[PDB]
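What follows is the residue order along each chain.
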Amino acid sequence: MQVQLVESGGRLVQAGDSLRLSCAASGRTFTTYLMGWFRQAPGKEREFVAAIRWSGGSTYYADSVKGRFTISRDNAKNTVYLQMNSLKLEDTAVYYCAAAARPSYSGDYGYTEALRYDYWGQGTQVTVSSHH
Amino acid sequence: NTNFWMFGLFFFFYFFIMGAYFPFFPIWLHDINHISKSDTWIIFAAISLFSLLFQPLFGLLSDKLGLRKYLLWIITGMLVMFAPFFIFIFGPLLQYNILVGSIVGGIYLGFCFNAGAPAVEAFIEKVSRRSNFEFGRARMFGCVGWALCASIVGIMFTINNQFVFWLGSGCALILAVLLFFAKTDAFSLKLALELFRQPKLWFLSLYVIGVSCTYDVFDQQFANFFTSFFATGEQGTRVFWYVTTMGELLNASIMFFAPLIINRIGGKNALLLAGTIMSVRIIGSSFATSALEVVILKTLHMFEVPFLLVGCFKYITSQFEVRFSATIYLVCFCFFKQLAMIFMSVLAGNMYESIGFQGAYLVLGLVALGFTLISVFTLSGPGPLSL
């Protein structure tokens, strides 16, 4: 299938500051039916952050991040955003975008299940300070 | 009434036993026989193969026997091995030894269910016009019997996933009982071939390859496309069955008035109307931006079964000689529907990776809608121009 996702954003930021992540998609323009951000540190695993669906722009975010993050899109130029405000210290971890497109056998996966998406982007780490 | 209550309860216990089999079977390969999802994609590939030579074969017999119950005795006979057969047989036979060996035993089904359910519909349909009741009635029992069993696979499915089966096997002898007590009182195969040159069959079948084949393929990945509309795969799926369980009761209720609606509108508008809700559901699925939508949408299924099942018989009986009702049912709405369902289901797969879902379904609508619209003119009878 090979469409591909390119993250930008991420940098060091101070506790309480802002960042804007963007995810471009080279191929796409029919398939991907839904876009999401997922993050990973160490200690623990891949964690769902936010999801949205091109057509319509319905958004979902796992509790731990509501009101703090905003996922948006802009078809018009193959790009989904994450506006991250009121950052913290826990918020440090590599952020990934993922897009859906085709199906795939089992007991089916939903809009927070990583295994659900058919594609991913490389990454762009985000470090929120304990200090500075 | 003698036949109505017996064959009405016959549907109830027959489709109850599809209950154990239909949504539970993939689970019992998945969990209880640890088979790999890479092996279950062949098992289904065989359960259909055999059916391809049972479905037409069941059509000619189901006519040659007429109202003789011999063919339905075999089915009720084979259904009794529900319980000993998966536990005793279908269980040990593909695990220790090459699946390819037990995969044949799968023929069981092809016989009982995929090519036997419509043979039960057709037979009870013939009886439905020797007694004084409508086929849509009594067939409506199938939905509630499927709903009843549907609620039980999941509930004891985690306390005794052997009783569901065992319970089903028990109903098979209840099914033998009702077949016995009910009391119910032609052609040759070379005249049967005559229909295949008659150009009135190629139009009806065209409708099946067009509308019904496209519909039954679509409703194949739907699930995978619905789960994505809830948070977690388990919460998403959990809501699905609820839709299936609940919407079938509507379907049964819908079928209840179905035959009255069907009797005047006429057979052709019955199929056209069925083709429409299938067409609208195909194109509607593409424009999905919320679940409360993907729920509604799954419900329409119950708005299209009543007309289709009830309607096709009204069509086949009305426009064709009744000396062939079972045959041209099991060859057009079953055989030709499944024969073409081998090929689309391929195509759909390629479309997904080629044009994802949204782009795929959209195509189904035009194809399903286009054919539906075309069969206002290819199908003989009274179109919607009459009202």
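Residues numbered from 1 in each chain as written, not as in the entry; some residues may be left out. Chains lettered and ligands numbered in written order. Heavy atoms only, no water.

- Structure determination for this entry, per the PDB record, employed X-ray crystallography and reached 3.300 Å resolution.

### Examining the domain arrangement of chain B
All names here are of chain B.
Moving on, step 1. In terms of domains, chain B is made up of domain 1 (1–185) and domain 2 (186–387).
Moving on, step 2. One C-alpha centre belongs to domain 1, the other to domain 2, and the line joining them spans 22 Å.
Moving on, step 3. Between domain 1 and domain 2, the residue contacts involve 28 residues of the former and 33 residues of the latter.
Moving on, step 4. Both faces considered, domain 1 and domain 2 share a buried interface measuring about 2700 Å² in area, 70% of it formed by carbon and sulfur atoms.
Moving on, step 5. When the buried surface of domain 1 facing domain 2 is broken down by residue, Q55, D63 and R137 rank first, second and third, together holding 20% of it.
Moving on, step 6. If you look at where domain 1 meets domain 2, you find 1 salt bridge.
Moving on, step 7. Where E134 meets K314, a salt bridge forms, and the shortest distance between an N and an O atom there is 3.0 Å.
Moving on, step 8. For the interface between domain 1 and domain 2, the tally reads 9 residue pairs in polar contact.
Moving on, step 9. Of all the secondary structure elements, the ones that give two or more residues to the side of domain 1 that touches domain 2 are α3 (40–64), α8 (117–127) and α9 (136–155). (Domains from an automatic or database assignment. Contact = heavy atoms within 4.5 Å. Buried area = accessible area lost by both parts, 1.4 Å probe. Salt bridge = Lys/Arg side-chain N within 4 Å of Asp/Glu carboxyl O. Polar contact = N/O pair within 3.5 Å; in protein donor to acceptor, adjacent residues only side chain to side chain. Helix = DSSP H or I, 4+ residues; strand = E, 2+ residues; numbered from the N terminus.)

### Quick notes on the state of the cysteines
Residue and element names in this part refer to chain A.
Moving on, step 1. Under the definition given, this model contains 1 disulfide over all chains.
Moving on, step 2. The disulfide that involves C23 links it to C97, with 1.4 Å between the sulfurs. Across the disulfide from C23 to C97, rotation about the S-S bond amounts to roughly 45 degrees, and the bridge is consequently right-handed. Linking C23 in strand β3 (residues 19–25) with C97 in strand β9 (residues 94–99), this pair joins segments that are 74 residues apart in sequence. (Disulfide = S-S within 2.5 Å.)

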